[PDB]
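First up is the structure itself, then whatever we jot down about it.
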Ligand SMILES: CCCCCCCCOCCOCCOCCOCCO
């Protein structure tokens, strides 16, 4: 289509409300404007992507500082189903993301390469840097791919190096079987290997983390079983934590990722579609985990504070209630409201590591398509 003709600008308005009980509320506006050029015609095309981001409480982006802002752009070059972005850009993959848990995502400065030559295969590579954000600079490079070569099944393999911190490896599989027209099974696994790298700023790291999910769908109902296991004396670690889609036990509050923590969750989801009210969904979860805090090295530079002499039998749990309505028609079409309730308690001195809390979040989201 071409630079002008293929251009699009989106503005995302974000209302964000966060309530915390401890055994502090917060209100914030946010705006994210996104432009994408078309491509100059020819074998090798040229374009531009650019964004700007603002938020205001009603580096530390926002939720704990009265205002925040940022903007950037990247040059894109597209040849043979390969796209190269050079500049500031968003990222989501198993070893790197701006993260979905907070109001504004983090961005990254550098090179990304994405190949779509084969339908069913995505390859990506990259080298970027980023600062520090949410709750000097970092450098990270990754190589990865995602394969779709079978009808109900998907595969991923990724690696990253976070300079002087870690090398991280990740695999996954997801299978879906449709039995009846109303009954389906979704077995799946996530795997993370983590080792220390270079100067080893966080200290020694030898960490293997597993996520198991089994999901029975029946019509609108879906019930899901999760096992998660962290093997090593530091907790599973990743950039921009919370609500991770590469972990089956990542929850509103806790990631159930502590060192040597075994965990499970039972989740229930419902789609109100056939009950007459489409765009309405709800879900509830219960998660339980246990780990032995005596096994942490208290002198571990990055992770030392997980150690507790009195930890031993430490355990915690979380029960999440989640519902969201997207408005599907009229003027507010696409306006989405989402309500989030989490309760978390630990026992066995888990509280020397994390807190007993009750979290309430409300998120109002309005997309605008401007050209
Ligand atoms: C399945 C998508 C292709 C992934 C590109 C390579 C990602 C980098 O991984 C480095 C670590 O991999 C360890 C051994 O890799 C075996 C490579 O061949 C496997 C073929 O799927």
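When we count neighbours, we look across all protein chains shown, and the Cβ atoms used for this are built from the backbone with ideal geometry, even at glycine. Since every read-out is calculated from the coordinates, none of them should be taken as a lab result.
Report note on the peptides 253-259, 156-162, 346-352: ranked by the mean count of other C-beta atoms within 10 Å, highest first, their order is 253-259, 156-162, 346-352.
Between the range 152-188 and the range 292-345, the alpha-carbon centres lie 22 Å apart. Peptides 280-291, 108-119 ranked from most to least packed, by the mean per-residue count of other Cβ atoms within 10 Å: 280-291, 108-119. Overall form of the range 99-143: oblate. Here a/c, set by the Cα gyration tensor axes a ≥ b ≥ c, is 1.5 or more, and a/b is not larger than b/c.
In terms of its C-alpha gyration tensor, the chain comes out rounded, because the ratio a/c of the largest to the smallest axis stays below 1.5. Mind running the shape call on the range 234-303? Use the C-alpha gyration tensor, a ≥ b ≥ c as the square roots of the eigenvalues: rounded below 1.5 for a/c, prolate if a/b tops b/c, oblate otherwise. Prolate shape, in that a/c is at least 1.5 and a/b is the bigger ratio. Taking the average, over residues, of other Cβ atoms within 10 Å as the packing measure, peptides 7-15, 328-336 rank 7-15, 328-336 from highest down.
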